[PDB]
>>> print(open('protein-v7.txt').read())   # compact mmCIF, N, CA and C atoms
# COMPACT_ATOMS: atom_id res chain seq x y z
N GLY A 1 17.66 33.28 17.85
CA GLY A 1 18.08 32.14 17.06
C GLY A 1 18.89 31.15 17.87
N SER A 2 18.26 30.55 18.87
CA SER A 2 18.94 29.58 19.73
C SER A 2 19.59 28.48 18.90
N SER A 3 20.48 27.72 19.53
CA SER A 3 21.18 26.64 18.84
C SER A 3 21.13 25.35 19.66
N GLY A 4 21.65 25.41 20.88
CA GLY A 4 21.65 24.25 21.75
C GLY A 4 22.88 24.18 22.63
N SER A 5 22.67 24.21 23.94
CA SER A 5 23.77 24.16 24.90
C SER A 5 24.26 22.73 25.09
N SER A 6 23.32 21.81 25.30
CA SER A 6 23.65 20.40 25.50
C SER A 6 24.07 19.75 24.18
N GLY A 7 25.36 19.45 24.06
CA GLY A 7 25.86 18.82 22.85
C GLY A 7 26.82 19.72 22.09
N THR A 8 27.90 19.13 21.58
CA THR A 8 28.90 19.88 20.83
C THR A 8 28.30 20.50 19.58
N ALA A 9 29.10 21.29 18.87
CA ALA A 9 28.65 21.95 17.65
C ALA A 9 29.61 21.67 16.50
N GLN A 10 29.11 21.80 15.27
CA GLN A 10 29.92 21.57 14.09
C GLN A 10 29.27 22.17 12.85
N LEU A 11 30.04 22.93 12.08
CA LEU A 11 29.54 23.56 10.87
C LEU A 11 28.76 22.57 10.02
N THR A 12 27.52 22.92 9.68
CA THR A 12 26.67 22.06 8.87
C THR A 12 25.91 22.86 7.82
N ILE A 13 25.21 22.16 6.94
CA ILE A 13 24.44 22.81 5.89
C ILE A 13 23.11 22.11 5.67
N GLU A 14 22.02 22.87 5.76
CA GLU A 14 20.68 22.32 5.57
C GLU A 14 20.00 22.94 4.35
N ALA A 15 19.63 22.10 3.39
CA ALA A 15 18.97 22.56 2.18
C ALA A 15 17.55 23.03 2.47
N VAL A 16 17.14 24.11 1.81
CA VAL A 16 15.80 24.66 2.00
C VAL A 16 15.24 25.19 0.69
N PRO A 17 14.26 24.46 0.13
CA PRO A 17 13.75 23.23 0.73
C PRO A 17 14.77 22.09 0.66
N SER A 18 14.35 20.90 1.09
CA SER A 18 15.23 19.74 1.08
C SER A 18 15.16 19.02 -0.26
N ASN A 19 14.07 19.24 -0.99
CA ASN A 19 13.88 18.61 -2.29
C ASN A 19 12.96 19.45 -3.17
N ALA A 20 13.55 20.14 -4.15
CA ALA A 20 12.78 20.97 -5.06
C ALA A 20 12.59 20.29 -6.41
N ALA A 21 11.90 20.96 -7.32
CA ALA A 21 11.65 20.42 -8.65
C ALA A 21 12.34 21.25 -9.72
N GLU A 22 12.69 20.60 -10.83
CA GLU A 22 13.37 21.27 -11.93
C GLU A 22 12.76 22.65 -12.17
N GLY A 23 13.61 23.67 -12.18
CA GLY A 23 13.14 25.03 -12.41
C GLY A 23 12.91 25.78 -11.11
N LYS A 24 12.94 25.06 -10.00
CA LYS A 24 12.73 25.67 -8.69
C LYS A 24 14.03 26.22 -8.12
N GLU A 25 13.97 26.74 -6.90
CA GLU A 25 15.15 27.29 -6.25
C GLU A 25 15.42 26.60 -4.92
N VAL A 26 16.70 26.42 -4.59
CA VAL A 26 17.09 25.77 -3.35
C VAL A 26 18.12 26.60 -2.60
N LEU A 27 17.79 26.99 -1.37
CA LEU A 27 18.70 27.78 -0.55
C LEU A 27 19.39 26.91 0.50
N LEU A 28 20.69 26.70 0.31
CA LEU A 28 21.47 25.88 1.23
C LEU A 28 21.96 26.72 2.41
N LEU A 29 21.25 26.62 3.53
CA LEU A 29 21.62 27.37 4.73
C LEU A 29 22.81 26.72 5.43
N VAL A 30 23.36 27.42 6.42
CA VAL A 30 24.51 26.92 7.17
C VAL A 30 24.36 27.22 8.66
N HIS A 31 25.02 26.42 9.48
CA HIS A 31 24.97 26.60 10.93
C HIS A 31 26.33 26.34 11.56
N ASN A 32 26.48 26.70 12.83
CA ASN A 32 27.73 26.51 13.55
C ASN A 32 28.89 27.16 12.80
N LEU A 33 28.59 28.21 12.05
CA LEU A 33 29.60 28.93 11.29
C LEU A 33 30.75 29.37 12.19
N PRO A 34 31.91 29.65 11.58
CA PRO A 34 33.10 30.09 12.31
C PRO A 34 32.95 31.49 12.89
N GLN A 35 33.96 31.94 13.63
CA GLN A 35 33.93 33.26 14.24
C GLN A 35 34.05 34.35 13.18
N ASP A 36 35.10 34.27 12.37
CA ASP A 36 35.33 35.25 11.31
C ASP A 36 35.71 34.56 10.01
N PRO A 37 34.69 34.25 9.19
CA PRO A 37 34.89 33.58 7.90
C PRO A 37 35.56 34.49 6.88
N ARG A 38 36.89 34.40 6.78
CA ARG A 38 37.64 35.22 5.84
C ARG A 38 36.97 35.24 4.47
N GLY A 39 36.36 34.11 4.10
CA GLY A 39 35.70 34.02 2.82
C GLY A 39 35.10 32.65 2.57
N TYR A 40 33.96 32.62 1.89
CA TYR A 40 33.29 31.36 1.59
C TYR A 40 33.68 30.85 0.21
N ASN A 41 33.69 29.53 0.06
CA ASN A 41 34.05 28.91 -1.21
C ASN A 41 33.23 27.64 -1.45
N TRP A 42 32.33 27.69 -2.42
CA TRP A 42 31.49 26.55 -2.75
C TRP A 42 32.08 25.75 -3.90
N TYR A 43 31.79 24.45 -3.93
CA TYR A 43 32.30 23.57 -4.97
C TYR A 43 31.23 22.58 -5.42
N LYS A 44 31.45 21.98 -6.59
CA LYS A 44 30.50 21.01 -7.13
C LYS A 44 31.02 19.58 -6.95
N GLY A 45 30.45 18.87 -5.98
CA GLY A 45 30.87 17.50 -5.73
C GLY A 45 31.32 17.29 -4.30
N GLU A 46 32.23 16.35 -4.10
CA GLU A 46 32.75 16.05 -2.77
C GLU A 46 34.24 16.34 -2.68
N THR A 47 34.69 17.35 -3.43
CA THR A 47 36.09 17.73 -3.44
C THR A 47 36.25 19.24 -3.52
N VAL A 48 37.27 19.76 -2.84
CA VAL A 48 37.54 21.19 -2.84
C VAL A 48 38.56 21.57 -3.90
N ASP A 49 38.30 21.16 -5.14
CA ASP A 49 39.20 21.46 -6.25
C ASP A 49 38.64 22.58 -7.12
N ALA A 50 39.53 23.43 -7.61
CA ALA A 50 39.12 24.55 -8.46
C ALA A 50 38.41 24.05 -9.72
N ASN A 51 38.88 22.93 -10.25
CA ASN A 51 38.29 22.36 -11.46
C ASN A 51 36.80 22.08 -11.25
N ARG A 52 36.36 22.14 -10.00
CA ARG A 52 34.96 21.89 -9.67
C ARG A 52 34.38 23.06 -8.87
N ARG A 53 35.22 24.05 -8.59
CA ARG A 53 34.79 25.22 -7.83
C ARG A 53 33.61 25.91 -8.52
N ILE A 54 32.58 26.21 -7.75
CA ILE A 54 31.39 26.87 -8.28
C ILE A 54 31.51 28.39 -8.18
N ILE A 55 31.78 28.87 -6.97
CA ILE A 55 31.92 30.31 -6.74
C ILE A 55 32.55 30.59 -5.38
N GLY A 56 33.42 31.60 -5.33
CA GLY A 56 34.07 31.95 -4.09
C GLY A 56 33.94 33.43 -3.76
N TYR A 57 33.70 33.73 -2.49
CA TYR A 57 33.55 35.11 -2.05
C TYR A 57 34.47 35.41 -0.86
N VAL A 58 35.13 36.56 -0.91
CA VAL A 58 36.04 36.96 0.16
C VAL A 58 35.51 38.20 0.89
N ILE A 59 35.16 38.02 2.16
CA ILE A 59 34.64 39.12 2.96
C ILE A 59 35.71 40.18 3.20
N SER A 60 36.94 39.73 3.42
CA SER A 60 38.06 40.64 3.66
C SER A 60 38.00 41.83 2.70
N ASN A 61 38.02 41.54 1.41
CA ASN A 61 37.97 42.58 0.39
C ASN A 61 36.62 42.58 -0.32
N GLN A 62 35.71 41.74 0.14
CA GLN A 62 34.38 41.65 -0.45
C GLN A 62 34.47 41.42 -1.96
N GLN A 63 35.29 40.46 -2.36
CA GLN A 63 35.46 40.14 -3.77
C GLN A 63 34.81 38.81 -4.12
N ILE A 64 34.39 38.68 -5.38
CA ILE A 64 33.75 37.45 -5.84
C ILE A 64 34.48 36.87 -7.05
N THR A 65 34.80 35.58 -6.98
CA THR A 65 35.49 34.91 -8.07
C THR A 65 34.82 33.58 -8.41
N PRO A 66 33.97 33.59 -9.45
CA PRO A 66 33.26 32.40 -9.90
C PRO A 66 34.18 31.37 -10.54
N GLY A 67 34.00 30.11 -10.18
CA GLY A 67 34.82 29.05 -10.73
C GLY A 67 34.33 28.57 -12.08
N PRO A 68 34.89 27.45 -12.56
CA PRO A 68 34.51 26.86 -13.85
C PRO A 68 33.11 26.26 -13.82
N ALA A 69 32.70 25.76 -12.66
CA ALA A 69 31.38 25.16 -12.51
C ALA A 69 30.33 26.22 -12.22
N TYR A 70 30.57 27.44 -12.70
CA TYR A 70 29.64 28.54 -12.49
C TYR A 70 28.75 28.75 -13.71
N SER A 71 27.46 28.95 -13.47
CA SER A 71 26.50 29.16 -14.55
C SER A 71 25.76 30.48 -14.36
N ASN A 72 26.20 31.27 -13.40
CA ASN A 72 25.58 32.56 -13.12
C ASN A 72 24.15 32.37 -12.61
N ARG A 73 23.89 31.22 -12.01
CA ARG A 73 22.57 30.91 -11.47
C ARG A 73 22.61 30.79 -9.95
N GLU A 74 23.82 30.68 -9.41
CA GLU A 74 23.99 30.55 -7.96
C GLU A 74 24.40 31.89 -7.35
N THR A 75 24.16 32.03 -6.05
CA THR A 75 24.50 33.26 -5.34
C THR A 75 24.89 32.97 -3.89
N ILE A 76 26.06 33.45 -3.49
CA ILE A 76 26.55 33.24 -2.14
C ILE A 76 25.83 34.16 -1.15
N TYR A 77 26.00 33.88 0.14
CA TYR A 77 25.37 34.68 1.18
C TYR A 77 26.36 35.02 2.28
N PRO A 78 26.04 36.05 3.08
CA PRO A 78 26.89 36.50 4.18
C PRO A 78 26.93 35.50 5.33
N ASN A 79 26.24 34.38 5.15
CA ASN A 79 26.19 33.34 6.18
C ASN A 79 26.80 32.04 5.66
N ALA A 80 27.52 32.13 4.55
CA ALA A 80 28.16 30.96 3.96
C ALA A 80 27.14 30.07 3.26
N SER A 81 26.03 30.68 2.84
CA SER A 81 24.97 29.94 2.16
C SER A 81 24.98 30.24 0.66
N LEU A 82 24.42 29.32 -0.12
CA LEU A 82 24.36 29.48 -1.57
C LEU A 82 22.96 29.20 -2.09
N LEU A 83 22.42 30.15 -2.85
CA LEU A 83 21.08 30.00 -3.42
C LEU A 83 21.14 29.48 -4.85
N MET A 84 20.55 28.31 -5.08
CA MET A 84 20.54 27.71 -6.40
C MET A 84 19.20 27.94 -7.09
N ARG A 85 19.21 28.77 -8.13
CA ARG A 85 17.99 29.08 -8.87
C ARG A 85 17.87 28.18 -10.11
N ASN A 86 16.65 28.06 -10.62
CA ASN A 86 16.40 27.23 -11.80
C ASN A 86 17.21 25.95 -11.74
N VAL A 87 17.11 25.23 -10.62
CA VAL A 87 17.84 23.98 -10.44
C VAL A 87 17.49 22.99 -11.55
N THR A 88 18.22 21.87 -11.57
CA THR A 88 17.99 20.84 -12.58
C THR A 88 18.32 19.45 -12.03
N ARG A 89 17.73 18.43 -12.63
CA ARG A 89 17.97 17.05 -12.20
C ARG A 89 19.46 16.74 -12.16
N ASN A 90 20.22 17.45 -12.99
CA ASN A 90 21.67 17.25 -13.06
C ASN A 90 22.35 17.80 -11.81
N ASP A 91 21.91 18.97 -11.37
CA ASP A 91 22.48 19.60 -10.19
C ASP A 91 22.58 18.61 -9.03
N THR A 92 21.58 17.75 -8.91
CA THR A 92 21.55 16.75 -7.85
C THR A 92 22.88 16.01 -7.76
N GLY A 93 23.41 15.91 -6.54
CA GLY A 93 24.67 15.22 -6.34
C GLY A 93 25.33 15.60 -5.02
N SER A 94 26.35 16.45 -5.10
CA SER A 94 27.07 16.89 -3.91
C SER A 94 27.59 18.31 -4.08
N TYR A 95 27.52 19.09 -3.01
CA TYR A 95 27.99 20.47 -3.04
C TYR A 95 28.82 20.79 -1.81
N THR A 96 30.14 20.70 -1.96
CA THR A 96 31.05 20.98 -0.86
C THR A 96 31.20 22.48 -0.63
N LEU A 97 31.20 22.88 0.64
CA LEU A 97 31.34 24.29 0.99
C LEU A 97 32.42 24.49 2.05
N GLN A 98 33.52 25.12 1.65
CA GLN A 98 34.63 25.38 2.56
C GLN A 98 34.59 26.82 3.07
N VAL A 99 34.91 26.99 4.35
CA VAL A 99 34.92 28.32 4.96
C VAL A 99 36.29 28.65 5.53
N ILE A 100 36.92 29.68 4.97
CA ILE A 100 38.24 30.10 5.43
C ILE A 100 38.13 31.12 6.56
N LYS A 101 39.01 30.99 7.55
CA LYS A 101 39.01 31.90 8.69
C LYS A 101 40.25 32.79 8.67
N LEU A 102 40.15 33.95 9.30
CA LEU A 102 41.26 34.89 9.35
C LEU A 102 42.51 34.22 9.92
N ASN A 103 42.32 33.06 10.53
CA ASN A 103 43.43 32.31 11.12
C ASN A 103 44.17 31.50 10.06
N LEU A 104 43.97 31.87 8.80
CA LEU A 104 44.61 31.17 7.69
C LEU A 104 44.19 29.71 7.65
N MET A 105 43.02 29.41 8.21
CA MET A 105 42.51 28.05 8.23
C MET A 105 41.23 27.94 7.41
N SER A 106 40.72 26.71 7.28
CA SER A 106 39.50 26.47 6.51
C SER A 106 38.83 25.18 6.97
N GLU A 107 37.52 25.10 6.77
CA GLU A 107 36.75 23.92 7.16
C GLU A 107 36.17 23.23 5.94
N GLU A 108 35.41 22.16 6.17
CA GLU A 108 34.80 21.40 5.09
C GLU A 108 33.42 20.89 5.50
N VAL A 109 32.45 21.02 4.59
CA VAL A 109 31.09 20.57 4.86
C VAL A 109 30.32 20.35 3.56
N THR A 110 29.97 19.10 3.30
CA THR A 110 29.23 18.75 2.09
C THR A 110 27.74 19.02 2.26
N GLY A 111 27.27 20.12 1.69
CA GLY A 111 25.86 20.47 1.79
C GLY A 111 25.19 20.56 0.44
N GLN A 112 24.40 19.54 0.10
CA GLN A 112 23.69 19.51 -1.17
C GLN A 112 22.22 19.19 -0.98
N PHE A 113 21.50 19.03 -2.08
CA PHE A 113 20.07 18.72 -2.03
C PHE A 113 19.69 17.75 -3.14
N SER A 114 18.39 17.47 -3.25
CA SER A 114 17.89 16.56 -4.27
C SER A 114 16.81 17.23 -5.11
N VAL A 115 16.87 17.01 -6.42
CA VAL A 115 15.90 17.59 -7.34
C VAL A 115 15.11 16.51 -8.07
N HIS A 116 13.79 16.56 -7.95
CA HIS A 116 12.93 15.58 -8.59
C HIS A 116 12.06 16.24 -9.67
N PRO A 117 11.89 15.54 -10.80
CA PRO A 117 11.09 16.04 -11.92
C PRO A 117 9.60 16.08 -11.60
N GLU A 118 9.15 17.19 -11.03
CA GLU A 118 7.75 17.35 -10.67
C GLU A 118 6.94 17.87 -11.86
N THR A 119 6.85 17.05 -12.90
CA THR A 119 6.11 17.42 -14.10
C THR A 119 5.15 16.31 -14.52
N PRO A 120 4.03 16.69 -15.14
CA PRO A 120 3.01 15.74 -15.61
C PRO A 120 3.50 14.92 -16.80
N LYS A 121 2.84 13.79 -17.03
CA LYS A 121 3.20 12.91 -18.14
C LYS A 121 2.02 12.71 -19.08
N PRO A 122 1.80 13.69 -19.98
CA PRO A 122 0.71 13.64 -20.95
C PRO A 122 0.93 12.58 -22.02
N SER A 123 0.51 11.35 -21.72
CA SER A 123 0.66 10.24 -22.66
C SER A 123 -0.70 9.67 -23.06
N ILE A 124 -0.98 9.68 -24.35
CA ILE A 124 -2.24 9.16 -24.86
C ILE A 124 -2.27 7.64 -24.82
N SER A 125 -1.16 7.02 -25.21
CA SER A 125 -1.06 5.57 -25.22
C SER A 125 -1.12 5.01 -23.80
N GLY A 126 -0.24 5.52 -22.94
CA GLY A 126 -0.21 5.06 -21.56
C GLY A 126 1.17 4.62 -21.13
N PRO A 127 1.44 3.31 -21.23
CA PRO A 127 2.73 2.73 -20.85
C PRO A 127 3.85 3.14 -21.81
N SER A 128 4.86 3.82 -21.28
CA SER A 128 5.99 4.27 -22.09
C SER A 128 7.31 3.87 -21.45
N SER A 129 8.41 4.13 -22.15
CA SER A 129 9.73 3.79 -21.65
C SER A 129 10.19 4.80 -20.60
N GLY A 130 10.20 6.07 -20.98
CA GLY A 130 10.62 7.12 -20.06
C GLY A 130 10.82 8.45 -20.75
>>> encode(input="protein-v7.txt", output="structure tokens")
Amino acid sequence: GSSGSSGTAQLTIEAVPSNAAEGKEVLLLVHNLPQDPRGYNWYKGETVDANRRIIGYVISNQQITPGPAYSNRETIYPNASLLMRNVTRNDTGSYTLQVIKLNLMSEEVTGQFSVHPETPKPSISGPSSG
């Protein structure tokens, strides 16, 4: 799993796929992860606030604490990744992911995706509003 010698590195997140459809699943992978991630913490939006916290996992004690923005549809990974099942057009937006290190420190990386309504439009008339 090479990465790249030429050029600095920085924790990032790549959605996989990059654009799914309502009801589909999206796995947000991560790269340039820290040495020892004390615990991962995902959030809903562009802020690391509990009021928007989705789910947090602590490797130290291997504990899981779902936030208010939890719907029991997401799942964290040992690589600081989060799997979003049965996604929705609403989910689309921003997903901040902070990684805490044993050094009592933490990072920040906004990793989200886009969801498009991949469904047919059975209209007898034709031209409609929406």
>>> residues_around(input="protein-v7.txt", residues="range 19-23 of chain A", least_positions_apart="2", cutoff="6.5 Å", atoms="all atoms listed in the file", output="list in words")
residues 15, 16, 17, 25, 85, 86, 87, 88, 89, 113, 114, 115, 116, 117 and 118 of chain A
>>> closest_residue(input="protein-v7.txt", among="A:96, A:75, A:125, A:18", to="residue 47 in chain A", atoms="all atoms listed in the file")
A:96
>>> atom_distance(input="protein-v7.txt", atom1="CA of residue 58 in chain A", atom2="CA of residue 74 in chain A")
15.9 Å
>>> atom_distance(input="protein-v7.txt", atom1="atom N of residue 64 in chain A", atom2="atom N of residue 10 in chain A")
27.2 Å
>>> closest_residue(input="protein-v7.txt", among="A:109, A:97, A:9, A:59", to="residue 39 in chain A", atoms="all atoms listed in the file")
A:59
>>> residues_around(input="protein-v7.txt", residues="residue 102 in chain A", least_positions_apart="2", cutoff="9 Å", atoms="only C-alpha atoms", output="list in words")
residues 35, 36, 37, 38, 39, 60, 100, 104 and 105 of chain A
>>> atom_distance(input="protein-v7.txt", atom1="CA of residue 32 in chain A", atom2="atom N of residue 93 in chain A")
23.1 Å
>>> closest_residue(input="protein-v7.txt", among="A:76, A:48, A:83, A:69", to="residue 98 in chain A", atoms="all atoms listed in the file")
A:48
>>> closest_residue(input="protein-v7.txt", among="A:81, A:71, A:103, A:62", to="residue 42 in chain A", atoms="only C-alpha atoms")
A:81
>>> axis_aligned_box(input="protein-v7.txt", around="range 47-65 of chain A", padding_each_side="3 Å", output="AutoDock Vina command-line options")
--center_x 35.5 --center_y 30.0 --center_z -3.9 --size_x 14.1 --size_y 31.2 --size_z 21.1
>>> select_by_dssp(input="protein-v7.txt", residues="chain A", states="strand (DSSP E or B)", output="number ranges by chain")
A: 12-16, 19-21, 26-31, 37-43, 45, 53-58, 63-66, 74-76, 82-84, 95-101, 105-106, 110, 114-116
>>> closest_residue(input="protein-v7.txt", among="A:119, A:84, A:40, A:46", to="residue 101 in chain A", atoms="all atoms listed in the file")
A:40
>>> closest_residue(input="protein-v7.txt", among="A:51, A:63, A:90, A:112", to="residue 13 in chain A", atoms="only N, CA and C atoms")
A:112
>>> decode(input="protein-v7.txt", residues="range 41-68 of chain A", atoms="N, CA and C atoms", output="JSON list (two decimals), in the first residue's frame")
[["chain", "number", "residue", "atom", "x", "y", "z"],
["A", 41, "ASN", "N", -13.34, 10.11, 16.10],
["A", 41, "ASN", "CA", -14.56, 10.84, 16.42],
["A", 41, "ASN", "C", -15.13, 11.53, 15.19],
["A", 42, "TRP", "N", -16.26, 11.04, 14.70],
["A", 42, "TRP", "CA", -16.90, 11.61, 13.53],
["A", 42, "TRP", "C", -17.98, 12.61, 13.93],
["A", 43, "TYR", "N", -18.23, 13.59, 13.07],
["A", 43, "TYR", "CA", -19.23, 14.61, 13.33],
["A", 43, "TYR", "C", -20.03, 14.93, 12.07],
["A", 44, "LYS", "N", -21.18, 15.57, 12.25],
["A", 44, "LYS", "CA", -22.03, 15.94, 11.13],
["A", 44, "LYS", "C", -21.92, 17.43, 10.83],
["A", 45, "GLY", "N", -21.19, 17.77, 9.76],
["A", 45, "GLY", "CA", -21.02, 19.16, 9.39],
["A", 45, "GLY", "C", -19.56, 19.56, 9.30],
["A", 46, "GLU", "N", -19.29, 20.83, 9.57],
["A", 46, "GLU", "CA", -17.92, 21.34, 9.52],
["A", 46, "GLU", "C", -17.47, 21.84, 10.89],
["A", 47, "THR", "N", -17.98, 21.19, 11.94],
["A", 47, "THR", "CA", -17.63, 21.56, 13.30],
["A", 47, "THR", "C", -17.49, 20.33, 14.19],
["A", 48, "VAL", "N", -16.54, 20.38, 15.12],
["A", 48, "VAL", "CA", -16.30, 19.27, 16.03],
["A", 48, "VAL", "C", -17.06, 19.46, 17.34],
["A", 49, "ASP", "N", -18.37, 19.68, 17.24],
["A", 49, "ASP", "CA", -19.21, 19.88, 18.42],
["A", 49, "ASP", "C", -20.03, 18.63, 18.71],
["A", 50, "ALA", "N", -20.22, 18.34, 19.99],
["A", 50, "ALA", "CA", -20.99, 17.17, 20.40],
["A", 50, "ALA", "C", -22.42, 17.25, 19.88],
["A", 51, "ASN", "N", -22.98, 18.46, 19.87],
["A", 51, "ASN", "CA", -24.34, 18.67, 19.39],
["A", 51, "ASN", "C", -24.50, 18.17, 17.96],
["A", 52, "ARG", "N", -23.38, 17.90, 17.31],
["A", 52, "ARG", "CA", -23.40, 17.41, 15.93],
["A", 52, "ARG", "C", -22.62, 16.10, 15.81],
["A", 53, "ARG", "N", -22.03, 15.66, 16.92],
["A", 53, "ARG", "CA", -21.26, 14.43, 16.94],
["A", 53, "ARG", "C", -22.10, 13.25, 16.45],
["A", 54, "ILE", "N", -21.54, 12.47, 15.54],
["A", 54, "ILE", "CA", -22.24, 11.31, 14.99],
["A", 54, "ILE", "C", -21.93, 10.05, 15.80],
["A", 55, "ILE", "N", -20.64, 9.76, 15.96],
["A", 55, "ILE", "CA", -20.21, 8.59, 16.71],
["A", 55, "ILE", "C", -18.72, 8.65, 17.03],
["A", 56, "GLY", "N", -18.36, 8.21, 18.23],
["A", 56, "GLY", "CA", -16.97, 8.22, 18.64],
["A", 56, "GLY", "C", -16.50, 6.88, 19.16],
["A", 57, "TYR", "N", -15.29, 6.49, 18.79],
["A", 57, "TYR", "CA", -14.72, 5.21, 19.22],
["A", 57, "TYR", "C", -13.34, 5.41, 19.83],
["A", 58, "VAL", "N", -13.10, 4.74, 20.95],
["A", 58, "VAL", "CA", -11.82, 4.83, 21.64],
["A", 58, "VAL", "C", -11.08, 3.50, 21.61],
["A", 59, "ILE", "N", -9.95, 3.47, 20.91],
["A", 59, "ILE", "CA", -9.15, 2.26, 20.81],
["A", 59, "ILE", "C", -8.55, 1.87, 22.16],
["A", 60, "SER", "N", -8.12, 2.87, 22.92],
["A", 60, "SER", "CA", -7.53, 2.64, 24.23],
["A", 60, "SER", "C", -8.33, 1.59, 25.00],
["A", 61, "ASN", "N", -9.61, 1.85, 25.20],
["A", 61, "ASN", "CA", -10.48, 0.93, 25.92],
["A", 61, "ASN", "C", -11.47, 0.25, 24.97],
["A", 62, "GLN", "N", -11.32, 0.53, 23.68],
["A", 62, "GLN", "CA", -12.20, -0.05, 22.67],
["A", 62, "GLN", "C", -13.67, 0.20, 23.02],
["A", 63, "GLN", "N", -13.99, 1.44, 23.33],
["A", 63, "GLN", "CA", -15.36, 1.81, 23.69],
["A", 63, "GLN", "C", -16.00, 2.64, 22.58],
["A", 64, "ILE", "N", -17.33, 2.55, 22.48],
["A", 64, "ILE", "CA", -18.06, 3.30, 21.47],
["A", 64, "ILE", "C", -19.14, 4.17, 22.10],
["A", 65, "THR", "N", -19.16, 5.44, 21.73],
["A", 65, "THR", "CA", -20.15, 6.38, 22.26],
["A", 65, "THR", "C", -20.78, 7.20, 21.14],
["A", 66, "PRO", "N", -21.97, 6.77, 20.70],
["A", 66, "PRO", "CA", -22.71, 7.45, 19.63],
["A", 66, "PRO", "C", -23.26, 8.80, 20.08],
["A", 67, "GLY", "N", -23.11, 9.81, 19.22],
["A", 67, "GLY", "CA", -23.59, 11.14, 19.54],
["A", 67, "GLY", "C", -25.06, 11.31, 19.23],
["A", 68, "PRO", "N", -25.53, 12.57, 19.28],
["A", 68, "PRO", "CA", -26.94, 12.89, 19.00],
["A", 68, "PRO", "C", -27.30, 12.71, 17.53]]
